[PDB]
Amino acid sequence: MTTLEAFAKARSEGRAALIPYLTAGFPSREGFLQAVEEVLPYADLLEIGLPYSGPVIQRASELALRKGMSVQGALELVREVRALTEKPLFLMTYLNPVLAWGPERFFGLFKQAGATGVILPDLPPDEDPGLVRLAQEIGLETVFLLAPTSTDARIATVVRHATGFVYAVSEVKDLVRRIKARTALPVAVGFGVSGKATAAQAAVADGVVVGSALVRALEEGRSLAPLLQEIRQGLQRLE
């Protein structure tokens, strides 16, 4: 289903959507695919990170690159994941590799590989609307980030360019409230959720990203379901 439908389904079920984040090729190519199999049952949508040169996420990118991850490698993995699910798949990437390959080619390749959209953490959309438009015209939803320091004007500016959803990073209820005042777009948040309690604090958002917690689980060689189940139980809105 579409990104909006994935978020809507979660909301209707009275819960914040669970969005696993997995670094492409971490801890290995096979390990990554196995991880995808384990998180999909819990995922409303999935984020796949393109490793490029937070401490935990940094460790994962570092190991992935040391093992040979590349844009071509990430492309094949996106195809592999698309073969396993019809759920929304978002590629998170810094601008550097996009510029190296050329925006039109980079975005075109990932859209063709099966990506639903891209998350561009280091691109203020208002600074290059043309680049944003290009990705959108190619068929990719474009997610941009907002920090707690964002003024009303900054929030308004970013939500004007975002599609799919808006990503708020680091209290959570306050930031979510302020963003919803300027948009009907789903709002996902990421602040190191690691269990039921921290997930409950984030339950107010339309979606909650889980990245660092999964890196740790993978490093420790633990099954992922127990962790995701605790988080899912915390994402469920109660009386």
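Numbers for residues come from their place in the sequence shown, where the first is 1.
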* None, 1 to 3, 4 to 9, or 10 or more: how many residues of the deposited sequence lack coordinates between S53 and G54? -> 4 to 9
* Asked: What number of deposited residues lacks coordinates in the span between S170 and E171: none, 1 to 3, 4 to 9, or 10 or more?
  -> 10 or more
* Between 156-164 and 67-75, which has the higher average C-alpha B-factor in the PDB entry? -> 67-75
* Could you settle it for me: does 97-105 or 115-123 have the higher average Cα B factor in the PDB entry? => 97-105
* **Highest recorded Cα temperature factor - choice among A181, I48, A43, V209** => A181
* Structure fact -> The residue of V187, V204, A213, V39 with the maximal C-alpha B-factor according to the PDB record is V204
* Ranked C-alpha temperature factor of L84 among modelled chain residues, by third -> middle
* **CA B-factor placement of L146, once the chain's modelled residues are sorted into thirds** => middle
* For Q236, does the deposited CA B-factor place it in the lowest, middle or highest third of the chain? -> middle
* Structure fact -> Among the modelled residues of its chain, the C-alpha B-factor of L91 falls in the third labelled lowest
* Asked: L131: which third of its chain by C-alpha temperature factor?
  -> middle
